[PDB]
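Undergrad: Provided herewith is a single structure, encoded as structure tokens, for subsequent inquiry.
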Amino acid sequence: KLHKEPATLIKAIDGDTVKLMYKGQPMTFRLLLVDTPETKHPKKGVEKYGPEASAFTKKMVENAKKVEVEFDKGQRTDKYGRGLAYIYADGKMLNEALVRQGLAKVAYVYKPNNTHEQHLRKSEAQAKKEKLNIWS
């Protein structure tokens with residue numbers, strides 16, 4: 001059973017990566033199950049909707065009263081040392097909000113870190129149907 005724990009903003013980095021203070025330490029988090037267009041992609045550099053995704057995450061996270069992180073049931077860090085979590089700003093999941101606005105796709109999913117996969121696939125179907133952003 002998943003639970004939310006509190007965290008504090010340090011810096012938004014990209015559409016899908018944020019640095020937070022978590023249990024008293026700075027830590028980089030990568031949003032579970034979504035891929036945003038990148039502004040510092042290792043190879044392509046700046047992709048279309050990169051700046052828009054990155055601004056959406058930044059505004060949502062900077063204007064929140066309360067930020068919480070929710071780990072999934074599997075590994076809690078990736079190979080780069082980033083925390084793998086669902087991030088909530090005032091109780092709304094940022095991972096879902098990005099997919100809903102057509103600013104992210106649902107990622108390739110690695111069981112058992114797939115608890116909210118179906119929920120996110122439903123939001124992406126809606127964004128596609130509305131032809132938002134990525135999908136226009």
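Derivation of every value follows stated rules applied to the coordinates shown; laboratory data play no part. Heads up, the Cβs are rebuilt from the backbone with ideal geometry, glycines too, and the neighbour counts pull from every protein chain shown.
Undergrad: To make sure I understand, if each residue's beta carbon is the centre and we count other beta carbons within 10 Å, what order do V69, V46, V99 fall in, fewest to most?
TA: By the 10 Å Cβ count, ascending: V46, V69, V99.
Undergrad: Moving to a separate point now. Determine the gain in length on full extension of the stretch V109-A125; use 0.36 nm per residue of separation and subtract their C-alpha separation, reporting nm with one decimal.
TA: Going from the current span to full extension adds 4.1 nm.
Undergrad: With a/c under 1.5 counting as rounded, go ahead and sort the chain into rounded, prolate or oblate using the C-alpha gyration tensor (a ≥ b ≥ c being the square roots of the eigenvalues; past the cut-off, prolate if a/b is larger than b/c, else oblate).
TA: Rounded.
Undergrad: So which chymotrypsin sites (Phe, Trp or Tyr not before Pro) in region 50-136 pass both tests, a DSSP loop state and at most 10 other Cβ atoms within 10 Å of the Cβ?
TA: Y80, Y108
Undergrad: Still on this structure: If one computes the Cα centroid of region 53-128 and of region 2-51, what distance in Å separates the two points?
TA: Measuring centre to centre over Cα atoms gives 9 Å.
Undergrad: Now for a separate question. Can you tell me the orientation of helix 50-62 relative to the chain, as the angle in degrees between its alpha-carbon axis and the longest Cα principal axis, to the nearest 10?
TA: 40
Undergrad: With +1 on each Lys and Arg Cβ and -1 on each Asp and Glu Cβ, how big is the dipole of the chain about its Cα centre, in debye rounded to the nearest 20?
TA: Dipole size: approximately 120 debye.
Undergrad: Let me ask something else. Counting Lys and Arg as +1 and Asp and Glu as -1, what is the net charge of the other residues whose Cβ lies under 11 Å from the Cβ of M93?
TA: Spelling it out: positives minus negatives among the neighbours equals -1.
Undergrad: Check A85: other-chain or 5+ apart residues with amide H under 5 Å from its amide H, H built from backbone geometry?
TA: Excluding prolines and chain starts, which carry no amide H, the hits are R30, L32.
Undergrad: Identify which of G45, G83, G102 has the largest mean-square fluctuation in a Gaussian network model of the chain, with springs joining Cα atoms closer than 10 Å.
TA: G45
Undergrad: Right, here's the next one. Under the rule of at least 5 residues apart or a separate chain, name every residue whose amide H is placed under 5 Å from the amide H of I10.
TA: Counting only residues 5 or more places away or on other chains, the set is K19, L20, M21.
Undergrad: Give a residue-ordered list of calculated ³J(HN,Hα) values for region 20-32 (Karplus: 6.51 cos²θ - 1.76 cosθ + 1.60, θ = phi - 60°; whole Hz; x for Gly, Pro).
TA: So the J values, rounded to whole Hz, are 10, 8, 9, 6, x, 10, x, 8, 8, 10, 10, 5, 4.
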